[PDB]
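Trainee: Starting off with a structure, shown below.
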Number of protein chains: 2
Amino acid sequence: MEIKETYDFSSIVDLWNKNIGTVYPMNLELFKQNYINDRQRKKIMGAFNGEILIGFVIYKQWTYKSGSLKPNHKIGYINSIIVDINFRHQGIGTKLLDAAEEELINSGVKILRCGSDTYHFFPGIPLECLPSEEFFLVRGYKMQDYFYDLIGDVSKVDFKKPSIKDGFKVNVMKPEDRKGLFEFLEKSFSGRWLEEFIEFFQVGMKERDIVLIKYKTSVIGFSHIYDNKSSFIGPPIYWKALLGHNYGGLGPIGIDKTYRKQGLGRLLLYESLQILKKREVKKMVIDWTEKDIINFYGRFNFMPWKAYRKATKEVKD
Amino acid sequence: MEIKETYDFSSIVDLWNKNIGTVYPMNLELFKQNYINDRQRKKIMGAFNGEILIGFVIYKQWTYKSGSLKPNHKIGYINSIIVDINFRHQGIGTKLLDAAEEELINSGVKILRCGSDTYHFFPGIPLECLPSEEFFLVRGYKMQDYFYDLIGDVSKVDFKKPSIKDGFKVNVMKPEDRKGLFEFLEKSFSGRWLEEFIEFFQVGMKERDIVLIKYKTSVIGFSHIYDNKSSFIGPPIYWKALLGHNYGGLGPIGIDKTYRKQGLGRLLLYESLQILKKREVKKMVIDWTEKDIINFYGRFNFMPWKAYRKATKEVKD
Ligand SMILES: CC(=O)SCCNC(=O)CCNC(=O)[C@H](O)C(C)(C)COP(=O)(O)OP(=O)(O)OC[C@H]1O[C@@H](n2cnc3c(N)ncnc32)[C@H](O)[C@@H]1OP(=O)(O)O
Ligand SMILES: CC(=O)SCCNC(=O)CCNC(=O)[C@H](O)C(C)(C)COP(=O)(O)OP(=O)(O)OC[C@H]1O[C@@H](n2cnc3c(N)ncnc32)[C@H](O)[C@@H]1OP(=O)(O)O
């Protein structure tokens, strides 16, 4: 067996699907979108039996800015790691992760995270991969708390509009709104979300995927919505092969801090979901939510669907 | 609004699906099988707005034997409870559960369990219903640990046979094996599992759904397997609408204690899964597993799919 770099995406995707595809179905379109577009220092290492790929690890160092956030070179990520099911418990996963970690560490990394990277596949260790928690624990990762993707079928329920105090307008974005959107982001959400807006417009997000809320003419919040015509495969629709025909998604969503807890986020979510409903969306997902926010969406009949554990390894000096 | 008994199964099923059907799709066949066949003292109470059902609770007292286990009348169950999404946070769930609990309590109940009943729909509070944990906590239920349904696609992987020491034979059950199976159950698994064997043969399980392992002629273990020709809808195939065409399932599985940790359970599981594979099964589920046993199945490419929390309320004297 040899560990060496591989950019054979079909082989990686095939191995991904054979092992975990029941619950994380992968397609080449998504895999290449996410791997190729990522701007961090990144590598894929494979484990090989002759010509046969039997496992891989994908890993990154935070070397490229996030909005107004400087990159912190102290931080590295394990985007994913899979050993083929016919080759488990032979030390291959260990050797893969030792190779990744040793490189990151030589390049200045002191904090290693499971998923949560830019262009992630996972917010954390998936619940369907719960046995791997013990793998990471054995290597010095600490387990933390959970994030959730939520699922709902927007065609099955009707809701009544939160009562609209006047002045607040909710509408799909137009091109001329881009400046006002960016200025609102630098103000309120100027890290990863700002960066995602910049990058996602570069990889095929269109104005029709964005809903804006304004008080008068000031942009005071936004959501991003997905359906089967979106060009960019964003996190809400990663696992679209599980979601049937007329799938969709939503996230992120945000409201200017000085406008919070007045019912406006609820109005924004209400209007976003009506748009999707009118687009004939059925099953849809809200990705990467915290526990304490579930009920916000749960009022609209969303339920936790997938769970992920944050996990972090602090490198010893 | 009125609370009163209802046996309008279509209405109950329709409400079930509108609210939670994305993740627990229900059909009338399953709902009636499970409700009607249950032998415990049982009731369904509904919450009504005039003629419209807006919520229900299904509850049971343990009044009928389980194998060699006497029924313990101290124990009651909440099989399920759903308030319609348009009527939440109005106290309806509270009134439903107060009605159920007050009855059980008058009839001698001192321990109340969330799911886990005979003919259950849930081993515990589903993860997709995680927000309800707070509902139960507010009412005095304590949250305990988790059980898991596992999912795997048996058509995607090949495995090699655990090395067979001679004497041990693994085969589908025949009619003449029923005595030896029962005698082995009274010995090794004489509670709920014995009872399930008795009852499940009464509701359409056939010899083809049972795999036996024998040393010589003594039955030393069994599994129960499911495919799309099974007559009985058992727990592994409850949520078959999520599992596609050629769905299947497995569970329970057991080996005589004096034969454990010798590789025989693995052989039994191996052979059971080959049978399913040859039956052309694809996606299949192993229901209601504990954490510490996941890796047993995980060797065969099964992954946690759904999670449920045990929860129990001790009634105050
Ligand atoms: C950020 C993310 O990518 S999260 C997703 C993680 N990936 C997955 O869950 C995909 C499916 N699982 C896998 O691909 C593999 O099981 C891996 C990658 C987790 C581990 O690969 P392997 O080649 O089996 O691991 P390796 O043989 O190096 O195991 C090292 C030790 O880790 C621990 N370990 C590994 N797997 C397990 C397990 N399933 N349960 C408990 N402990 C485990 C053990 O101590 C093991 O030593 P042992 O074999 O002496 O018991
Ligand atoms: C064994 C099983 O059946 S497990 C599955 C449980 N069922 C479900 O999860 C199905 C979907 N959910 C529901 O049907 C409902 O949300 C129910 C049945 C859990 C609760 O019904 P309701 O009619 O909303 O509950 P009710 O209004 O009586 O709530 C009482 C209190 O419980 C607590 N509670 C209820 N729902 C929630 C929630 N989603 N998050 C936090 N606390 C809650 C609150 O303290 C609430 O008081 P408040 O309204 O003053 O905050």
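Naming scheme: A, B, ... for chains in displayed order of the structure tokens; residues 1 onward per chain; ligands 1 onward as shown.
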Output as a compact mmCIF listing (two decimals) with C-alpha atoms, in the first residue's frame the set of chain A residues within 8 Å of chain B, with distances taken over only C-alpha atoms.

Mentor:
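And here's selection_37.txt as it stands now:
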# COMPACT_ATOMS: atom_id res chain seq x y z
CA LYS A 18 -20.06 2.76 -2.30
CA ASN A 19 -19.26 3.50 1.34
CA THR A 22 -27.07 5.77 1.05
CA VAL A 23 -27.04 8.81 3.35
CA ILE A 85 -15.26 -0.89 3.91
CA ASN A 86 -13.22 -3.90 2.70
CA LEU A 127 -24.39 11.22 13.03
CA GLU A 128 -24.42 8.52 10.31
CA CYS A 129 -20.62 8.44 10.89
CA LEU A 130 -21.00 8.34 14.71
CA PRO A 131 -18.57 5.40 15.01
CA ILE A 151 -36.17 19.17 6.37
CA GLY A 152 -39.73 20.23 5.54
CA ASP A 153 -42.23 19.79 2.65
CA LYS A 156 -48.04 20.23 2.48
CA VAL A 157 -48.77 23.15 4.79
CA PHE A 159 -49.29 29.42 6.91
CA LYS A 283 -39.10 18.86 0.10
CA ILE A 294 -34.61 25.03 15.57
CA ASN A 295 -38.03 26.21 16.82
CA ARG A 299 -43.02 26.86 13.47
CA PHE A 300 -43.02 26.40 9.69
CA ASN A 301 -43.05 22.58 9.98
CA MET A 303 -37.80 19.08 11.57
CA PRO A 304 -34.21 18.05 12.30
CA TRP A 305 -33.10 15.66 9.58

Trainee: Step by step, measure atom-to-atom distances between ligand 1 and each residue using only C-alpha atoms and all ligand atoms, keep those at most 6 Å, then write them as JSON, numbers by chain.

Mentor: {"A": [78, 79, 80, 81, 82, 83, 88, 89, 90, 91, 92, 93, 94, 114, 115, 125, 129, 131, 132, 134, 135], "B": [295]}

Trainee: Apply DSSP to the structure's backbone, then extract all residues of stretch 151-226 of chain B labelled helix (DSSP H, G or I) and return them as an NGL selection string.

Mentor: :B and (175-188 or 192-202 or 207-209)

Trainee: Report, in Å to a single decimal, how far apart atom CA of residue A:201 and atom CA of residue A:297 are.

Mentor: 26.1 Å

Trainee: Would you mind listing what lies within 12 Å of residue B:221 as number ranges by chain, with only C-alpha atoms counted and same-chain residues fewer than 6 positions away left out?

Mentor: B: 168-173, 180-185, 187-189, 210-215, 252-260, 264-269, 272

Trainee: Please, could you write that set of residues out with N, CA, C and O atoms as a short mmCIF file (atom, residue, chain, number, x, y, z; two decimals), in the first residue's frame?

Mentor:
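Below you can see out_25.cif, which holds the result:
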data_model
loop_
_atom_site.label_atom_id
_atom_site.label_comp_id
_atom_site.auth_asym_id
_atom_site.auth_seq_id
_atom_site.Cartn_x
_atom_site.Cartn_y
_atom_site.Cartn_z
N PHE B 168 -21.60 -26.02 12.58
CA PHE B 168 -22.58 -24.94 12.66
C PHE B 168 -23.25 -24.76 11.30
O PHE B 168 -22.57 -24.52 10.31
N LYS B 169 -24.58 -24.88 11.28
CA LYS B 169 -25.36 -24.76 10.06
C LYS B 169 -26.33 -23.59 10.17
O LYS B 169 -27.02 -23.48 11.19
N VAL B 170 -26.38 -22.79 9.10
CA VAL B 170 -27.23 -21.62 8.98
C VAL B 170 -28.21 -21.80 7.82
O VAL B 170 -27.79 -21.93 6.69
N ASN B 171 -29.52 -21.79 8.13
CA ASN B 171 -30.56 -22.00 7.12
C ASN B 171 -31.86 -21.30 7.45
O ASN B 171 -32.25 -21.22 8.61
N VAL B 172 -32.58 -20.91 6.42
CA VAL B 172 -33.98 -20.52 6.52
C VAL B 172 -34.80 -21.56 7.28
O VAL B 172 -34.60 -22.76 7.10
N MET B 173 -35.70 -21.09 8.13
CA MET B 173 -36.55 -21.95 8.94
C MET B 173 -37.51 -22.74 8.06
O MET B 173 -37.93 -22.22 7.02
N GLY B 180 -38.37 -26.50 18.12
CA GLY B 180 -36.99 -26.24 18.51
C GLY B 180 -36.68 -24.74 18.63
O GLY B 180 -36.01 -24.33 19.56
N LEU B 181 -37.19 -23.93 17.71
CA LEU B 181 -37.14 -22.47 17.89
C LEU B 181 -37.76 -21.96 19.19
O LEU B 181 -37.15 -21.18 19.93
N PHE B 182 -38.97 -22.40 19.50
CA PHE B 182 -39.59 -21.95 20.74
C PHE B 182 -38.84 -22.37 22.00
O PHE B 182 -38.65 -21.58 22.94
N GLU B 183 -38.34 -23.60 21.99
CA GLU B 183 -37.60 -24.10 23.14
C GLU B 183 -36.32 -23.32 23.32
O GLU B 183 -35.91 -23.06 24.45
N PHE B 184 -35.68 -22.96 22.21
CA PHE B 184 -34.48 -22.12 22.29
C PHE B 184 -34.82 -20.70 22.82
O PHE B 184 -34.08 -20.15 23.65
N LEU B 185 -35.95 -20.13 22.39
CA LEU B 185 -36.40 -18.85 22.92
C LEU B 185 -36.73 -18.83 24.42
O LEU B 185 -36.33 -17.92 25.16
N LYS B 187 -35.46 -20.53 26.63
CA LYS B 187 -34.13 -20.64 27.21
C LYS B 187 -33.41 -19.29 27.24
O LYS B 187 -32.94 -18.85 28.27
N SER B 188 -33.29 -18.67 26.08
CA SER B 188 -32.36 -17.59 25.86
C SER B 188 -32.96 -16.20 25.72
O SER B 188 -32.31 -15.20 26.04
N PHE B 189 -34.19 -16.12 25.23
CA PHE B 189 -34.83 -14.85 24.90
C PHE B 189 -36.32 -14.90 25.16
O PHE B 189 -37.12 -14.66 24.25
N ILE B 210 -37.40 -16.19 8.54
CA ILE B 210 -36.59 -16.56 9.70
C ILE B 210 -35.39 -17.35 9.23
O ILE B 210 -35.54 -18.25 8.42
N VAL B 211 -34.21 -16.98 9.71
CA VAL B 211 -32.96 -17.70 9.48
C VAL B 211 -32.52 -18.33 10.81
O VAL B 211 -32.56 -17.69 11.85
N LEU B 212 -32.11 -19.59 10.78
CA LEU B 212 -31.73 -20.30 11.99
C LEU B 212 -30.27 -20.71 11.86
O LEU B 212 -29.78 -21.00 10.76
N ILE B 213 -29.59 -20.69 12.99
CA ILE B 213 -28.29 -21.32 13.13
C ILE B 213 -28.43 -22.50 14.13
O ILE B 213 -29.02 -22.38 15.22
N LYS B 214 -27.89 -23.65 13.74
CA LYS B 214 -27.90 -24.85 14.58
C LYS B 214 -26.47 -25.39 14.70
O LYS B 214 -25.66 -25.22 13.79
N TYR B 215 -26.16 -25.99 15.85
CA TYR B 215 -24.93 -26.75 16.03
C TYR B 215 -25.48 -28.15 16.07
O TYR B 215 -26.19 -28.49 17.03
N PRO B 252 -35.14 -8.86 15.00
CA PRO B 252 -33.94 -9.10 15.79
C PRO B 252 -33.01 -10.24 15.32
O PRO B 252 -33.24 -10.93 14.32
N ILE B 253 -31.88 -10.34 16.02
CA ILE B 253 -30.86 -11.37 15.80
C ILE B 253 -30.30 -11.76 17.18
O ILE B 253 -30.10 -10.91 18.06
N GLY B 254 -30.06 -13.05 17.40
CA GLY B 254 -29.62 -13.52 18.70
C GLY B 254 -28.96 -14.88 18.63
O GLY B 254 -29.31 -15.69 17.77
N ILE B 255 -28.05 -15.10 19.56
CA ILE B 255 -27.25 -16.31 19.68
C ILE B 255 -27.30 -16.72 21.15
O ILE B 255 -27.13 -15.89 22.05
N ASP B 256 -27.53 -18.01 21.37
CA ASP B 256 -27.41 -18.64 22.69
C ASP B 256 -26.17 -18.13 23.42
O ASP B 256 -25.09 -18.15 22.84
N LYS B 257 -26.31 -17.68 24.67
CA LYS B 257 -25.21 -17.10 25.46
C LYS B 257 -23.94 -17.95 25.53
O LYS B 257 -22.83 -17.43 25.53
N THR B 258 -24.09 -19.26 25.60
CA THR B 258 -22.93 -20.12 25.79
C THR B 258 -22.16 -20.22 24.49
O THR B 258 -21.07 -20.76 24.50
N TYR B 259 -22.71 -19.70 23.39
CA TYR B 259 -22.07 -19.69 22.07
C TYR B 259 -21.59 -18.31 21.61
O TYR B 259 -21.22 -18.14 20.44
N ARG B 260 -21.61 -17.31 22.49
CA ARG B 260 -21.33 -15.92 22.07
C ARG B 260 -19.84 -15.61 21.97
O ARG B 260 -18.99 -16.33 22.49
N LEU B 264 -19.95 -16.55 15.78
CA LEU B 264 -21.16 -17.13 15.23
C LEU B 264 -22.23 -16.09 14.87
O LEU B 264 -22.95 -16.25 13.90
N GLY B 265 -22.33 -15.02 15.66
CA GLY B 265 -23.31 -13.95 15.33
C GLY B 265 -22.93 -13.33 14.02
O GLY B 265 -23.74 -13.11 13.13
N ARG B 266 -21.63 -13.06 13.86
CA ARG B 266 -21.14 -12.61 12.58
C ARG B 266 -21.46 -13.56 11.42
O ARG B 266 -21.83 -13.14 10.32
N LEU B 267 -21.31 -14.87 11.64
CA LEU B 267 -21.66 -15.79 10.58
C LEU B 267 -23.16 -15.70 10.28
O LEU B 267 -23.57 -15.65 9.11
N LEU B 268 -23.96 -15.72 11.33
CA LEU B 268 -25.42 -15.62 11.16
C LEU B 268 -25.81 -14.35 10.38
O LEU B 268 -26.66 -14.38 9.47
N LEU B 269 -25.19 -13.23 10.72
CA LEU B 269 -25.52 -11.95 10.06
C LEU B 269 -25.05 -12.01 8.63
O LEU B 269 -25.77 -11.61 7.71
N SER B 272 -27.58 -14.27 6.71
CA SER B 272 -28.85 -13.53 6.58
C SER B 272 -28.82 -12.47 5.47
O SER B 272 -29.78 -12.31 4.70
#

Trainee: Run DSSP on the backbone and tell me which residues of stretch 101-304 of chain A come out as strand (DSSP E); list them as a PyMOL selection string.

Mentor: chain A and resi 111-114+125-126+142-153+168-172+210-215+218-227+248-255+283-290+303-304

Trainee: Distance atom CA of residue B:207-atom CA of residue B:281, one decimal place?

Mentor: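 Atom CA of residue B:281 lies 18.0 Å from atom CA of residue B:207.
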
Trainee: If we count only C-alpha atoms, what is near residue B:314 at a cut-off of 9 Å, once residues fewer than 6 positions away on the same chain are taken out, given as a VMD selection string?

Mentor: chain B and resid 110 to 112 140 to 142

Trainee: Would you save the residues of that selection, restricted to N, CA, C and O atoms, as a JSON list (two decimals), in the first residue's frame?

Mentor:
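The resulting file, out.json, is reproduced below:
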[["chain", "number", "residue", "atom", "x", "y", "z"],
["B", 110, "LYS", "N", -47.40, 3.77, 37.34],
["B", 110, "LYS", "CA", -46.41, 4.55, 38.07],
["B", 110, "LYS", "C", -45.15, 4.90, 37.24],
["B", 110, "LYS", "O", -44.34, 5.67, 37.71],
["B", 111, "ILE", "N", -44.95, 4.28, 36.08],
["B", 111, "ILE", "CA", -43.83, 4.56, 35.18],
["B", 111, "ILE", "C", -44.41, 4.76, 33.79],
["B", 111, "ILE", "O", -45.15, 3.90, 33.30],
["B", 112, "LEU", "N", -44.09, 5.90, 33.19],
["B", 112, "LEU", "CA", -44.61, 6.29, 31.89],
["B", 112, "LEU", "C", -43.42, 6.39, 30.94],
["B", 112, "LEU", "O", -42.43, 7.08, 31.22],
["B", 140, "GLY", "N", -42.15, 16.36, 33.43],
["B", 140, "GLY", "CA", -41.55, 15.41, 34.34],
["B", 140, "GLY", "C", -40.92, 14.18, 33.76],
["B", 140, "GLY", "O", -40.56, 13.30, 34.50],
["B", 141, "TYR", "N", -40.74, 14.08, 32.45],
["B", 141, "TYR", "CA", -39.97, 12.95, 31.89],
["B", 141, "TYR", "C", -38.49, 13.28, 31.98],
["B", 141, "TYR", "O", -38.10, 14.41, 31.71],
["B", 142, "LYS", "N", -37.68, 12.29, 32.33],
["B", 142, "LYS", "CA", -36.24, 12.38, 32.26],
["B", 142, "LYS", "C", -35.73, 11.80, 30.95],
["B", 142, "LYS", "O", -36.17, 10.73, 30.53]]

Trainee: Mind checking which residues fall within 7 Å of residue A:4, counting only C-alpha atoms, ignoring those fewer than 5 positions away in the same chain, and posting them as a list in words?

Mentor: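 The residues satisfying every condition are residues 45, 46 and 47 of chain A.
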
Trainee: Record the distance separating atom CA of residue A:40 and atom CA of residue A:285, expressed in Å with one decimal.

Mentor: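 About the pair atom CA of residue A:40 and atom CA of residue A:285: they are 26.9 Å apart.
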
Trainee: Just want the 7 Å neighbourhood of residue A:209, counted on only C-alpha atoms, with same-chain residues fewer than 2 positions away dropped. Output as a VMD selection string.

Mentor: chain A and resid 205 to 207 211 224 to 226

Trainee: Output N, CA and C atoms of each residue in that selection to a file, as a CSV table (one decimal), in the first residue's frame.

Mentor:
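The file below, selection_8.csv, is the result:
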chain,number,residue,atom,x,y,z
A,205,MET,N,-24.7,31.7,-8.6
A,205,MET,CA,-25.8,32.3,-7.9
A,205,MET,C,-26.3,33.5,-8.6
A,206,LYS,N,-27.6,33.6,-8.7
A,206,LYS,CA,-28.3,34.7,-9.5
A,206,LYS,C,-29.2,35.4,-8.5
A,207,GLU,N,-29.6,36.6,-8.9
A,207,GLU,CA,-30.4,37.5,-8.1
A,207,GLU,C,-31.7,36.8,-7.7
A,211,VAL,N,-33.5,36.8,-1.4
A,211,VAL,CA,-34.7,37.5,-1.0
A,211,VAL,C,-34.1,38.6,0.0
A,224,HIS,N,-31.1,33.4,1.3
A,224,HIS,CA,-30.7,32.7,0.1
A,224,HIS,C,-31.6,31.4,0.0
A,225,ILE,N,-32.3,31.3,-1.2
A,225,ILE,CA,-33.2,30.2,-1.5
A,225,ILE,C,-32.7,29.5,-2.7
A,226,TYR,N,-33.0,28.2,-2.7
A,226,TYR,CA,-32.6,27.3,-3.7
A,226,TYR,C,-33.8,26.5,-4.3

Trainee: Measuring atom to atom with only C-alpha atoms, identify which of A:76, A:175, A:235, A:248 is nearest to residue A:106.

Mentor: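 Using only C-alpha atoms, residue A:106 sits closest to A:76.
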
Trainee: What's around residue A:11 at 12 Å? Count only C-alpha atoms, leave out sequence neighbours fewer than 3 positions away in its own chain, and write the answer as a ChimeraX atom specification.

Mentor: /A:6-8,14-18,26-28,31,46-48,51-56,84

Trainee: Write out, as a PDB file, in the first residue's frame, the residues just selected, with N, CA and C atoms.

Mentor:
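Here's the written file out_1.pdb:
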ATOM      1  N   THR A   6      -3.954  12.188  -5.103  1.00  0.00           N
ATOM      2  CA  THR A   6      -4.840  11.817  -6.211  1.00  0.00           C
ATOM      3  C   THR A   6      -5.863  12.900  -6.513  1.00  0.00           C
ATOM      4  N   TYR A   7      -6.061  13.180  -7.801  1.00  0.00           N
ATOM      5  CA  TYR A   7      -7.092  14.079  -8.347  1.00  0.00           C
ATOM      6  C   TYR A   7      -7.968  13.318  -9.358  1.00  0.00           C
ATOM      7  N   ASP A   8      -8.046  12.011  -9.171  1.00  0.00           N
ATOM      8  CA  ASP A   8      -9.025  11.171  -9.858  1.00  0.00           C
ATOM      9  C   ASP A   8     -10.431  11.227  -9.209  1.00  0.00           C
ATOM     10  N   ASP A  14     -16.758   7.492  -6.664  1.00  0.00           N
ATOM     11  CA  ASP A  14     -17.231   6.122  -6.632  1.00  0.00           C
ATOM     12  C   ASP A  14     -17.003   5.503  -5.267  1.00  0.00           C
ATOM     13  N   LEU A  15     -15.834   5.739  -4.671  1.00  0.00           N
ATOM     14  CA  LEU A  15     -15.570   5.160  -3.362  1.00  0.00           C
ATOM     15  C   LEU A  15     -16.498   5.791  -2.314  1.00  0.00           C
ATOM     16  N   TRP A  16     -16.692   7.104  -2.444  1.00  0.00           N
ATOM     17  CA  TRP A  16     -17.564   7.853  -1.530  1.00  0.00           C
ATOM     18  C   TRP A  16     -18.954   7.190  -1.531  1.00  0.00           C
ATOM     19  N   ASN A  17     -19.515   7.012  -2.714  1.00  0.00           N
ATOM     20  CA  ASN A  17     -20.839   6.414  -2.841  1.00  0.00           C
ATOM     21  C   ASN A  17     -21.001   4.969  -2.410  1.00  0.00           C
ATOM     22  N   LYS A  18     -20.049   4.127  -2.765  1.00  0.00           N
ATOM     23  CA  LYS A  18     -20.059   2.765  -2.302  1.00  0.00           C
ATOM     24  C   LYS A  18     -20.087   2.705  -0.778  1.00  0.00           C
ATOM     25  N   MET A  26     -23.221  11.342  -3.378  1.00  0.00           N
ATOM     26  CA  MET A  26     -22.373  12.319  -4.058  1.00  0.00           C
ATOM     27  C   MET A  26     -22.473  12.177  -5.584  1.00  0.00           C
ATOM     28  N   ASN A  27     -22.351  13.309  -6.262  1.00  0.00           N
ATOM     29  CA  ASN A  27     -22.229  13.367  -7.707  1.00  0.00           C
ATOM     30  C   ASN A  27     -20.998  14.224  -8.040  1.00  0.00           C
ATOM     31  N   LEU A  28     -20.450  13.960  -9.217  1.00  0.00           N
ATOM     32  CA  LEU A  28     -19.233  14.613  -9.710  1.00  0.00           C
ATOM     33  C   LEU A  28     -19.372  16.120  -9.810  1.00  0.00           C
ATOM     34  N   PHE A  31     -18.929  17.405  -6.277  1.00  0.00           N
ATOM     35  CA  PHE A  31     -17.596  17.165  -5.808  1.00  0.00           C
ATOM     36  C   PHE A  31     -16.585  18.125  -6.446  1.00  0.00           C
ATOM     37  N   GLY A  46      -4.564   9.954  -1.258  1.00  0.00           N
ATOM     38  CA  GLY A  46      -5.130   8.633  -1.409  1.00  0.00           C
ATOM     39  C   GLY A  46      -4.246   7.525  -0.906  1.00  0.00           C
ATOM     40  N   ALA A  47      -4.910   6.435  -0.558  1.00  0.00           N
ATOM     41  CA  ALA A  47      -4.288   5.198  -0.158  1.00  0.00           C
ATOM     42  C   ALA A  47      -4.564   4.215  -1.276  1.00  0.00           C
ATOM     43  N   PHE A  48      -3.510   3.531  -1.731  1.00  0.00           N
ATOM     44  CA  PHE A  48      -3.586   2.744  -2.960  1.00  0.00           C
ATOM     45  C   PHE A  48      -3.055   1.345  -2.731  1.00  0.00           C
ATOM     46  N   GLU A  51      -2.877  -0.017  -8.353  1.00  0.00           N
ATOM     47  CA  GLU A  51      -3.659   0.989  -9.009  1.00  0.00           C
ATOM     48  C   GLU A  51      -5.009   1.238  -8.343  1.00  0.00           C
ATOM     49  N   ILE A  52      -5.374   0.469  -7.321  1.00  0.00           N
ATOM     50  CA  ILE A  52      -6.724   0.601  -6.764  1.00  0.00           C
ATOM     51  C   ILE A  52      -6.744   1.585  -5.590  1.00  0.00           C
ATOM     52  N   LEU A  53      -7.555   2.630  -5.706  1.00  0.00           N
ATOM     53  CA  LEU A  53      -7.847   3.538  -4.593  1.00  0.00           C
ATOM     54  C   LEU A  53      -8.675   2.806  -3.541  1.00  0.00           C
ATOM     55  N   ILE A  54      -8.182   2.735  -2.313  1.00  0.00           N
ATOM     56  CA  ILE A  54      -8.921   2.116  -1.222  1.00  0.00           C
ATOM     57  C   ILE A  54      -9.222   3.105  -0.087  1.00  0.00           C
ATOM     58  N   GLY A  55      -8.786   4.355  -0.170  1.00  0.00           N
ATOM     59  CA  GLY A  55      -9.231   5.396   0.777  1.00  0.00           C
ATOM     60  C   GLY A  55      -8.638   6.747   0.415  1.00  0.00           C
ATOM     61  N   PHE A  56      -9.186   7.819   0.996  1.00  0.00           N
ATOM     62  CA  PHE A  56      -8.682   9.153   0.777  1.00  0.00           C
ATOM     63  C   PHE A  56      -8.978  10.079   1.957  1.00  0.00           C
ATOM     64  N   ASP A  84     -12.156   2.482   2.400  1.00  0.00           N
ATOM     65  CA  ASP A  84     -13.118   1.531   1.856  1.00  0.00           C
ATOM     66  C   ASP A  84     -13.428   0.457   2.919  1.00  0.00           C
TER      67      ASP A  84
END

Trainee: Give the answer as one residue: which of B:123, B:234, B:263, B:167 has the shortest atom-to-atom distance to residue B:145, using only C-alpha atoms?

Mentor: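 Residue with the minimum atom-to-atom distance to residue B:145: B:123.
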
Trainee: Of the candidates A:2, A:103, A:199, A:176, which one gets nearest to residue A:43 if we count only C-alpha atoms?

Mentor: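 When distances to residue A:43 are compared using only C-alpha atoms, the smallest one comes from A:103.
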